[PDB]
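What follows is a single chain, given as structure tokens, in the form deposited in one PDB entry.
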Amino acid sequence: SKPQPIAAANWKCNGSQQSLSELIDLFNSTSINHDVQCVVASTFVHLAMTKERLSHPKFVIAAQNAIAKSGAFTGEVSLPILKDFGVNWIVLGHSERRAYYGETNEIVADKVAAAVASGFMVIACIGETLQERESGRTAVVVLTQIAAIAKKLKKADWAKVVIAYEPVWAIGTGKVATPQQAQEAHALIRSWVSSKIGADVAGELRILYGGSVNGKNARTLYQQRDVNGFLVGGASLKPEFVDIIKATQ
């Protein structure tokens, strides 16, 4: 058996009033008759609008980032503000932030923990680069990332947690990830959770696949024992997302 799946749309830095409206209408009209949690992560700018027009009950909205505390951080957005706005989902430590915005294992760790403390559901991202993969350090590295996070969490916290595996080594590297490789990375994280936190925590823990997923590969990927879902980029701005949600049956 699997825990409930998650199909998450990571819109990243994209979207227009018009496009998003249209995209959101498609969703509201879609039939989803299964155990599935659909998540929509739009930009800070569009939360308001998403919040309002997204009415299909199998969907929640989420932020793409946040900082922990409110204050003198011009440009930034705090958890406190989100929660007041009414946002309960959030994506933290995505590869792009890790790469461009100076997010270390510890900054991430810290954010997650705040998020968890304020009662958010967290999609926490981890994954290794090509250098790391090529030298055979996948295990070494992801476990290091997961550990940094778990270090700050209590057993009960895990229930609010979702891990997303990002095969960075295969992202813009001209390198291609296969389902089996996905499965192998996921089986690692799960093994770690099991042996370190509890087979109880491990078995309800959702692990999302966050490499390239489209309407074509989605099925084969979800068919894997340890994949519970997806954190989707590109495809999630197209109607093809709908196909991916269905891939989760």
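Residues that one form lacks are left out of the comparison. The first residue of the sequence shown is number 1, and the count goes up from there. By rigid core we mean the largest C-alpha set that fits within 1.5 Å across both forms.
Q: On average, which has the higher Cα B-factor in the deposited entry, 172-180 or 116-124?
A: Higher of the two, by average CA B-factor, is 172-180.
Q: State which stretch shows the higher mean Cα B factor in the entry: 30-38 or 196-204.
A: Comparing 30-38 with 196-204, the higher mean C-alpha B-factor belongs to 30-38.
Q: Between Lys58, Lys69, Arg53, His186, which one tops the list for Cα B-factor in this entry?
A: By C-alpha B-factor in the record, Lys69 ranks first.
Q: In this PDB entry, which of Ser95, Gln131, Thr74, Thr104 has the top CA B-factor?
A: Top of the list by C-alpha B-factor: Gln131.
Q: By the record's CA B-factor, is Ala62 among the lowest, middle or highest third of residues in the chain?
A: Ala62: CA B-factor falls in the middle third of its chain.
Q: Quick check on the deposited entry: does the C-alpha B-factor of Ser212 sit in the lowest, middle or highest third of its chain?
A: Tercile = middle for this residue's CA B-factor.
Q: Please rank the C-alpha B-factors of the chain's modelled residues and tell me whether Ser191 sits in the lowest, middle or highest third.
A: Its C-alpha B-factor, which the entry lists for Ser191, ranks in the highest third among residues of this chain.
Q: Place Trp89 in the lowest, middle or highest third of its chain's C-alpha B-factors, as listed in the PDB entry.
A: Highest third.
Q: Within this chain, which third does the Cα B-factor at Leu143 fall in: lowest, middle or highest?
A: Middle third by C-alpha B-factor.
In what follows, reference is made to the form solved in complex with a small molecule, a form of this protein that is not presented.
Q: Given that the partner is absent here, state which listed stretch (133-141, 168-176, 77-85, 149-157) has heavy atoms within 4.5 Å of the small molecule in the deposited complex.
A: Looking at the partner contacts, the answer comes out as 168-176.
Q: Does any part of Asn228 reach within 4.5 Å of the small molecule in the deposited complex? Heavy atoms only, please.
A: Taking the distances in the deposited complex, the answer for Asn228 is no, it never comes within 4.5 Å of the small molecule.
Q: Can you tell me if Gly233 lies within 4.5 angstroms of the small molecule in the deposited complex, counting non-hydrogen atoms only?
A: Contact with the small molecule, yes.
Q: For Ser212, is any heavy atom within 4.5 Å of the small molecule in the deposited complex, or not?
A: Residue-level check for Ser212: yes, a contact with the small molecule.
Q: After fitting the rigid core, tell me which of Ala113, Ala148, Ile81, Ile171 has its Cα displaced by at least 2 Å between the shown form and the other one.
A: So the only displaced C-alpha belongs to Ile171.
Q: Which residue stretches between the shown form and the other one come out as moving, taking only runs of at least three where every Cα shifts by 2 Å or more after core superposition?
A: The run that moves is 169-176, and no other.
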